[PDB]
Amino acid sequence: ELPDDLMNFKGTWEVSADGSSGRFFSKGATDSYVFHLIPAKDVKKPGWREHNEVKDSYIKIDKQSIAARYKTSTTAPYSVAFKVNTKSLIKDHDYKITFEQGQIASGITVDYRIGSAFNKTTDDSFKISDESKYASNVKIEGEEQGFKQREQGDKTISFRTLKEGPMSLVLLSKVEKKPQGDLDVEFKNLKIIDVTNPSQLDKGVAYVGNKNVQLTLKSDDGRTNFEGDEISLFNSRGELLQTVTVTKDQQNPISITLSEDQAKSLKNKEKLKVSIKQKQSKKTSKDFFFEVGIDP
């Protein structure tokens, strides 16, 4: 089934509103970005909102899109960046960001990064290089990161979280020479889903008359936090004995407690079945099997 969309984009510059987006600029297009102020009286107004008093860049947000405009008054190199926040993510889970790269004016180059969530203050700041604190194995499908004149269209970004909690999609653009006219860049239809593969059963231990079933989990893609993995244990006749959900960084072995009747019903060398469902990504493993052994 359909995994939940974890993007928190409500299309507003109102700093305290739910799902508001971060707005920043980098004088000289460096690693460091500071907040992009706009006139206080116009913060909820639709259309192009000027960089307060300086008016070198204008910004525009709505329910579907986020956009930047570079004016002739810009001192080049100069960069505007946006932060599109996510809902709380799980540590060591795999995610898939999708969005559409809209118009890119001639002279504008674009980069896509993962970052900390916009902290909902006019004092917020960030560094591009902060990416390595939040995400690993970041990959734009069929493209490299860094400022480039990208093709317009559907974009896919996959990554693994190094932390728990909200993060952001960082939409960066810049100009390297003084604009000769209004230069617009737009991003739209922003989504993020969990794509974590469920764990695999490495080994299972069960004994006749013993209520404690010990399951050892493994992973083929280097995942160590099995949090959210729904483990179902069945007897050889296909009857469900018990279901457990793995907690945050729960270490091996994962314990399953049977009832006294279930423990007595086990037979020596019986083949038990294990099915694992990743709760967030909705992906389900292949069937795994192990034998009920002899109680030492």
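We number the residues from 1 along the sequence you see.
Engineer: Which wins on mean Cα temperature factor, 215 to 223 or 150 to 158?
Structural biologist: The recorded data point to 215 to 223.
Engineer: Looking at the entry, does 53 to 61 or 260 to 268 show the higher mean C-alpha B-factor?
Structural biologist: Mean B over CA atoms: larger for 260 to 268.
Engineer: Highest CA temperature factor in the entry: which of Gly209, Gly115, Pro179, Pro166?
Structural biologist: Highest CA B-factor of the listed options: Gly209.
Engineer: Test of reading the entry: by CA B factor among the chain's modelled residues, which third contains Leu89?
Structural biologist: It falls in the middle third of the chain.
Engineer: Compared with the other modelled residues in the chain, in which third is the CA B-factor of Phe234?
Structural biologist: For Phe234, whose C-alpha B-factor we compare with every modelled residue in the chain, the answer is the highest third.
Engineer: Can you work out whether the C-alpha temperature factor of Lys10 puts it in the lowest, middle or highest third of the chain?
Structural biologist: Middle third - that is where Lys10 ends up once the chain's C-alpha B-factors are sorted.
Engineer: With respect to C-alpha B-factor, does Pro198 fall in the lowest, middle or highest third of the chain as deposited?
Structural biologist: Tercile = middle for this residue's CA B-factor.
Engineer: Check where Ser32 lands among this chain's C-alpha B-factors and tell me if it's the lowest, middle or highest third.
Structural biologist: Middle third - that is where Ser32 ends up once the chain's C-alpha B-factors are sorted.
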